[PDB]
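# Overview (structure and organization)
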Amino acid sequence: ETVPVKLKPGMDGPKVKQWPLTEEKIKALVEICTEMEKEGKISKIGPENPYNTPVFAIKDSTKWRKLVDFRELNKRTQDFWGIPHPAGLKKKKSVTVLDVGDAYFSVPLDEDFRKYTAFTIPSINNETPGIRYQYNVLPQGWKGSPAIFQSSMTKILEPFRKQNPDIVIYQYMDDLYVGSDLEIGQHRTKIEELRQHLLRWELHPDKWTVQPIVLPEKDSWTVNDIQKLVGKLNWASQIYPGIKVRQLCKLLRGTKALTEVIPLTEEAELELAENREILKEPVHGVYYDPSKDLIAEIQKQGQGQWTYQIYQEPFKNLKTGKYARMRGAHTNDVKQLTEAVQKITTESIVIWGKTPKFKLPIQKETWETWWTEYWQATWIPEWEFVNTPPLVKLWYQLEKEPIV
Amino acid sequence: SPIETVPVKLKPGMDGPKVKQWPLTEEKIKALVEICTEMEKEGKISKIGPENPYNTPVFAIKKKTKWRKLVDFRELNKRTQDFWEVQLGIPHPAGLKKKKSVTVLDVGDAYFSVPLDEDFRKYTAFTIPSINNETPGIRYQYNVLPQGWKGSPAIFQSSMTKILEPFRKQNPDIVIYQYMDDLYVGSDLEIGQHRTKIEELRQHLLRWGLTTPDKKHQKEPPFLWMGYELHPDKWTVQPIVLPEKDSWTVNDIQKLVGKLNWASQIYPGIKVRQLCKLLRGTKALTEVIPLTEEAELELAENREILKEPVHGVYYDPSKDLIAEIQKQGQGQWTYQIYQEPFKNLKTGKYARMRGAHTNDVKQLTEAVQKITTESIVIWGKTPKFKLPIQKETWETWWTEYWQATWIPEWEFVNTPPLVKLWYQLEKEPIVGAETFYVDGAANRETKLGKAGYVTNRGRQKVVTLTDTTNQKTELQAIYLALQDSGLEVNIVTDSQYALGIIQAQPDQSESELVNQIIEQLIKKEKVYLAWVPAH
Ligand SMILES: CC(C)c1c(OC#CC2CC2)c2cc(F)ccc2[nH]c1=O
């Protein structure tokens, strides 16, 4: 049967415009839609339906997959107060994700809500009217879906959860994250055991280390060196108030050549040591607030490197990290970025079970024109475009990297 | 017609219009009476009575000279629900495929050929007045899509789509384009074959109540489409005419600049610098400004350029897609997309985007992205690019810029001027070079400040400025530093904005000052900027 879903009090259906798609992207979407059409999952609609949601095609695979941007619809969809986050997921040696998105087509969607799921397939050079459809079943990418399908979901799962009670199973949107301490083989053999089970109807969290800030060291220091140091530390004091640059800043008294060498007074040398001590650990009193938005900022470090911080309150980070381009992205910033965004967001999900709000160091036009070409996740986080403060970068560029 | 009606409802709990009937003369009335008795029988409208509280004002106008009629749905419309947008994105000539034959059927009384949602009909009610407010006037309502009603166009095109679904499938090698009341039909069949099919189509329409003629109103190539004349083989640009007068008003000069500006896209060389100039301090649209010699000149160079025939080719899916760009001056770019040399599909240029502070590579980038999007639309593919920038320049810039950026597959083409970096701040302090410790300080309220420097070498200076601001001094400090130093300099500052220049190294800004500093930066052989915390 169908449960009566509605929109949040006084909210109207999305009416987001379809962004231009590639030829190959459309050809696949039409294919994909005619099938679903036939299969009864979707039905063409008229002009009397004024709503719309963007759609696109993504690919690990070579068959194309259909992806709908239900961000607007979701935000407008009533709430259902799902599954409480399993604090333990983060402490697993290895987690694997699975796309249980296909399970929804099975359940029908309240007839009175369908109109809001409208989406449109564009036509090159607009030589054809777009192809309007709407859903008859639970849509992949909608929040109401995993929910409405919860009873059925849990149901099917138990038998495995019990055969394997050392394994953790978490559901976000269309995904399923399975975490166990087993060894790679025994793990993946046990997952396929889970796939099989599911069909009859590689993350490693514990390795994500919290990385510190390492301050340079030198045989000799120059006016510039100290100056750069002072700049970073001063900023850094916004996090650790104990940090002090008074003795150092004294060594900076005088109009001398940037390249000149300055001897470090013992006072200064202590001050530096005292600062290295402070930075040796994350700042105290930072705890995640579930009733507060999660935020992720990213900085482009250059040479394919990227740094990020996930926080909720300025300077009170919950996690910080680096990202190095993946083999292949060599001449593409956008690829690294989207790839990076996807990563962070999974960790985010894996840890607090919710996607963060992003601040991306890219221009809106550039992002919007190409992020889809490198997107792979079923979900889509929220984002905003910004200008990276020259200092925020400089500080985190300072983070510590392995010995080898 | 036997086409299923589209369910229509009024905006959120509102009510149908109840505007009173404008008073007319015995003459305008007898006309509307005539016309309406016709429509009454053609089945388009129906005589109703006192059951209906709704009403819209009907009018009587003579066109170029029989008495016609006009109904004003302004109200009904503003009360009618919303529909999904009607083709706002139309095709662009360069996106069309060439065809053996192309026909344009002018679907007649399109609107009035489609059934109105019976439920909604009541709202369309209107009334034919009596001789100077006598006894009750004649009352009707529409049973088909009304000319001028909000939901019409949207509802008509759907109907047209439903109706073409069969034929289309059945005639893959036949391509149709619906737009307004026109049907553009092309194909690569043989002229007779074409003719036959057209007629088969034409008849198909009739089977649903679509009159579409042949013989009289029948349109004939080329075809006028937003500034172009379209031929099946190629397209050509509607030759644009600039009037010659001895009295130009502002209005005249703006509209002129307008048409010229449009011409800039297609035609190479169009300029309006001197024309725009004439608008300076104008006191009235009707004002008469005399064209300077300079204006009279370019106006002349433009008339000549515009008397050149610019023709183009259509999209061939089996050939590469190429786009080449030129930097016609700072912040201005020209591009042309073609497949076979010199046979352009489309061309165009981007106005000097006067930003707060960027550089040519970034700007080049943006032009590339605008194009890319355009293309994705027109051809659902993106072009291979030919850019006037060395691949080495690119690599150096991009790989170090603080912001994510990209350029799809592109190739270098040396068609000067090339785009290049005007300078590059040193990565490390310059050994040997003089060090300038700069500082600017101004009273934001009295706008009185000073700016100066002191080098490790003993040089020093200070200048007092009136009607300035702190940021300005800060910059002027840096400006004098650059001015008074050799070809290699080291400059330290506590200016947060200088920290910006360091990260973006802009080669053009909104501020003349920043501009000046740039001109200086460009001049040194080596410069290392260092920012240090203030106070
Ligand atoms: C069927 C459509 C898309 C089509 C044409 O119809 C059309 C149209 C609107 C003016 C754009 C068309 C018209 C021409 F005058 C020349 C080439 C053409 N090639 C085509 O593929």
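Here's a quick rundown of the structure. (Residues numbered from 1 in each chain as written, not as in the entry; some residues may be left out. Chains lettered and ligands numbered in written order. Heavy atoms only, no water.)

Our next topic: the interface of chain B and chain A. Taken together, the 64 residues of chain B in the interface contact 57 residues of chain A. Each partner contributes to the roughly 4,800 Å² buried at the junction of chain B and chain A, and carbon and sulfur atoms together form 56% of this total. In terms of surface lost to chain A, no three residues of chain B exceed B:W84, B:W402 and B:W406, which account for 17% of the buried area on that side. Our count for the contact surface shared by chain B and chain A stands at three salt bridges. Here B:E428 makes a salt bridge to A:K228, at a shortest N to O gap of 3.5 Å. At the surface where chain B touches chain A, the tally comes to 23 residue pairs in polar contact. (Contact = heavy atoms within 4.5 Å. Buried area = accessible area lost by both parts, 1.4 Å probe. Salt bridge = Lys/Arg side-chain N within 4 Å of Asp/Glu carboxyl O. Polar contact = N/O pair within 3.5 Å; in protein donor to acceptor, adjacent residues only side chain to side chain.)

Moving on: the sheet that holds strand β4 (residues 94–99) of chain A. Residues and elements named next belong to chain A. Spatially, β4-β8-β7 is the arrangement adopted by the three strands of the open sheet, whose pairing is antiparallel. Edge positions in the sheet fall to β4 and β7 (168–172), since each has one partner strand and no second. Direction aside, the axes of adjacent strands within the sheet are offset by 20° on average. Here six bridges tie β4 to strand β8 (residues 175–180), and the two strands are oriented antiparallel to one another. Bridge pairing in β8 links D99 to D175. On the sheet, helix α4 (residues 150–163) packs against β7 and β8 and is oriented at approximately 160° with respect to β7. (Pairing = 2+ DSSP bridges. Helix = DSSP H or I, 4+ residues; strand = E, 2+ residues; numbered from the N terminus. Axes fitted to C-alpha atoms, helices over the stretch in contact; angles between N-to-C directions.)

Residue and element names in this part refer to chain A. If you look at the biggest cluster of nonpolar residues, it comprises 82 residues, and the most contacted ones within it are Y135, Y177, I298, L337 and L360. Considering every element that reaches this core, the biggest residue donor is helix α9 (residues 333–352), with nine residues. The residues contacting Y177, other than those within four sequence positions of it, are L89, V95, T96, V97, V168, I169, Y170, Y172, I349, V350 and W379. (Core = buried A, V, L, I, M, F, W, Y, C linked by side-chain atoms within 4.5 Å. Buried < 20%, exposed > 50% of the residue type's maximum accessible area, 1.4 Å probe, protein only.)

Looking now at the sheet that holds strand β6 (residues 174–179) of chain B. Residue and element names in this part refer to chain B. The strand order across the open sheet built from three strands is β3-β7-β6, with neighbouring strands paired in antiparallel fashion. The open sheet has two free edges, formed respectively by β3 (101–106) and β6, since each of these has just one partner strand. Between one strand and the next, the sheet's axes are offset by a mean angle of 20°, whatever the strand orientation. Note that β3 and strand β7 (residues 182–187) share six bridges and pair antiparallel. Bridging across to β7, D106 finds its partner in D182. Across the face of the sheet, helix α4 (residues 152–170) comes into contact with β6 and β7 while running at roughly 175° to β6.

Residues and elements named next belong to chain B. Between α4 and helix α5 (residues 191–206), the least distance of the axes is 11 Å, while the angle of their chain directions is 135°. Taken together, the axis directions place α4 and α5 in an arrangement best described as oblique. As α4 packs across α5, the resulting crossing turns out to be right-handed. Residues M160, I163, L164, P166 and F167 of α4 pack against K197, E200, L201, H204 and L205 of α5. Counted by class, the contact of α4 with α5 contains seven nonpolar, one polar and two charged residues. (Parallel < 35°, antiparallel > 145°, perpendicular 65-115°, else oblique. Left-handed = near helix turned anticlockwise from the far one by under 90°. Nonpolar A, V, L, I, M, F, W, Y, C, P; charged D, E, K, R; others polar.)

This next bit is on the site of the ligand. The local shell around the ligand holds 14 residues, among which B:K97, B:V175, B:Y177, B:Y184 and B:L230 are the closest. The ligand sits at the junction of chains A and B, each of which supplies nearby residues. Measuring from a nitrogen atom of the ligand, one finds a backbone N or O atom of B:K97 at 2.7 Å. Burial of the ligand by the protein chains amounts to 99% of its free accessible area of 490 Å². Of all the secondary-structure elements, those providing two or more residues to the shell around the ligand are β6 and β8 (223–225) of chain B. By residue class, the composition of the shell around the ligand is 10 nonpolar, one polar and three charged. Residue assignment places the shell around the ligand across two domains, with domain 2 (87–111 + 153–221) and domain 3 (222–315) of chain B each supplying three or more. (Near = heavy atom within 4 Å. Areas by Shrake-Rupley, 256 points an atom, 1.4 Å probe, with all protein chains shown as cover. Domains from an automatic or database assignment.)

With that settled, the discussion passes to the pattern of salt bridges. Overall, the coordinates contain 50 salt bridges over all chains when judged by the stated rule. Between B:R74 and B:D72 there is a salt bridge, with its nearest N and O atoms 3.3 Å apart. Its relative accessible area of 62% is what places B:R74 among the exposed residues. A salt bridge links B:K526 to B:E488, with the shortest nitrogen-to-oxygen separation between them at 3.7 Å. Of the two residues, B:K526 is situated in strand β23 (residues 526–531) and B:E488 in strand β21 (residues 488–493); the sequence distance between them amounts to 38 residues. Taking relative accessible area as the criterion, B:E488 reaches 28% and is therefore assigned partly exposed. By sharing partners, the salt bridges in this structure join A:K8, A:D79 and A:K143 into a single network.

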